[PDB]
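In structure tokens, one chain follows: the form deposited in one PDB entry.
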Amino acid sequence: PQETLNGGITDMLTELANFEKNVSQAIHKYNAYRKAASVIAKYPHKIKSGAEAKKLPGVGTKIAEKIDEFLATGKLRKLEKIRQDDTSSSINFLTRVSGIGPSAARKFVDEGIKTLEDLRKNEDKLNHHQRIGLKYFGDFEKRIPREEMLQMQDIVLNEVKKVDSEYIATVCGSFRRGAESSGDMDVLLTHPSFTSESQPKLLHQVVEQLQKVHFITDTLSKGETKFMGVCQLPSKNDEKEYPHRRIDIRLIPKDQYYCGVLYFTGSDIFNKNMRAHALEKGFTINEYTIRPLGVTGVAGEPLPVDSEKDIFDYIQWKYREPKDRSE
């Protein structure tokens, strides 16, 4: 439904949510607000009262009272006050740097560090992740169009295969469901020599190869099974340079790969329904394995998975395309 329907309500709830996350440090409060703002974004009617809203799942008494104040007056007193509060807005603004969470934001602002400019003046006080988040502040807030993602997926699949042709790599995320744009790249990776009961360089070889060809430009973190960093498509030799982008690469045991691909493909709503259905059938699905449930509820040993379909077959479903996993 058009954002003009309840966009004033959903912008209010999203602002309220950011302050819970970044200033209050109440992640559950943040998620209720985001939930309610989501269910209202999909409600196909211009809400006329807080009471109409309360019917919907995730909207309770406090959010029903805020919609009523917002409908009658056009604003929310408590939000208007938080917006003009110099400590709050500075803390909320600082968490937009990757690597600065609510705790570091509070400490920076507690000593006069309030802006990018102050950060640029105080690099001695930033860990490695935050220097990188500061360096690429604007680029990281930009979205990535699918044409760039296809180009980036090209480079990742080619260099992975260039390191070892038995590697299996799957760019998951909303990009695998067909999304027209993305906010980062999530690569899931496996090798037949790596299993649940099975070298600690499989990830490193692929990261190193992507660095040697100058696709990966920086590293936020890297261990034996997760790499988080920065990449960038090469310049056109005469055009503007592309903005640096975020990219994650996980190495997963081959016996849990398709469980992991299914999970990190999503959506989050689709995953819940499939987990919900799988229980009413006597199976438990998480991001690693699918296991059967005894009559008392005790899980059994994980069942063999060798594709996404294998999982669907177990729980008596017909394979759903990633395209159709919107819910």
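All residue numbers refer to positions in the sequence shown, first residue = 1. C-alpha atoms forming the largest set that superposes within 1.5 Å between two forms make up the rigid core.
Trainee: Thinking of the other compared PDB entries, is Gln211 one of those residues unmodelled in at least a third of them?
Mentor: No; none of the other entries leave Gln211 out.
Trainee: Counting only other entries that model residues on either side, is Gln232 absent from the coordinates in at least a third?
Mentor: In none of the comparable entries (those modelling both sides of it) is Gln232 left without coordinates.
Trainee: If I compare the deposited sequence with the modelled residues, how many are absent between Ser198 and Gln199: none, 1 to 3, 4 to 9, or 10 or more?
Mentor: Just 1 to 3 residues are missing between them.
Trainee: Look over 209-217 and 222-230 in the entry and identify the one with the greater average Cα temperature factor.
Mentor: The stretch with the larger average C-alpha B-factor is 209-217.
Trainee: Using only C-alpha atoms and the B-factors in the entry, which stretch averages higher, 118-126 or 180-188?
Mentor: Result: 118-126.
Trainee: Checking the entry, which one of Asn31, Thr61, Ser49, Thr296 has the top C-alpha B factor?
Mentor: By C-alpha B-factor in the record, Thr296 ranks first.
Trainee: Which is it among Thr10, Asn18, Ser307, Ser24: the one with the largest CA B-factor in the entry?
Mentor: The C-alpha B-factor peaks, among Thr10, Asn18, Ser307, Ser24, at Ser307.
Trainee: Compare the C-alpha B factor of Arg146 with those of the other modelled residues in its chain, then answer lowest, middle or highest third.
Mentor: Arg146: CA B-factor falls in the middle third of its chain.
Trainee: Could you look up the Cα B-factor of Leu56 in the entry and say which third of the chain it sits in: lowest, middle or highest?
Mentor: Middle third - that is where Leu56 ends up once the chain's C-alpha B-factors are sorted.
Trainee: Using the B-factor values recorded in the entry, state whether the Cα atom of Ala278 falls in the lowest, middle or highest third among the modelled residues of its chain.
Mentor: For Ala278, whose C-alpha B-factor we compare with every modelled residue in the chain, the answer is the highest third.
Trainee: Per the entry's values, where does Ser88 land by CA temperature factor relative to the rest of its chain, in the lowest, middle or highest third?
Mentor: For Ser88, whose C-alpha B-factor we compare with every modelled residue in the chain, the answer is the lowest third.
Trainee: Could you say whether, by C-alpha temperature factor, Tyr167 belongs to the lowest, middle or highest third of its chain?
Mentor: Its C-alpha B-factor belongs to the highest third of this chain's values.
This next part talks about the form deposited in another entry, which is not shown.
Trainee: Look at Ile315 and decide if its Cα position differs by 2 Å or more between the shown form and the other one after superposing on the rigid core.
Mentor: Passes the 2 Å threshold, so yes.
Trainee: Taking 2 Å as the cut-off, check whether the CA of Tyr30 shifts that much or more between the shown form and the other one after a rigid core fit.
Mentor: After core superposition, the displacement of the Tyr30 C-alpha between the shown form and the other one stays below 2 Å, so no.
Trainee: When the rigid core is used for the superposition, does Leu16 move between the shown form and the other one (threshold: C-alpha shift of 2 Å or more)?
Mentor: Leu16 C-alpha, core-superposed: shift of less than 2 Å.
Trainee: Once you compare with this form, do the C-alpha atoms of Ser165 and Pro304 lie closer or farther in the other form, given a change of 3 Å or more?
Mentor: Their C-alpha distance grows by at least 3 Å in the other form.
Trainee: With a C-alpha distance change of 3 Å or more, do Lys309 and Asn158 lie closer or farther in the other form?
Mentor: Distance between the C-alphas of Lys309 and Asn158: longer in the other form, by 3 Å or more.
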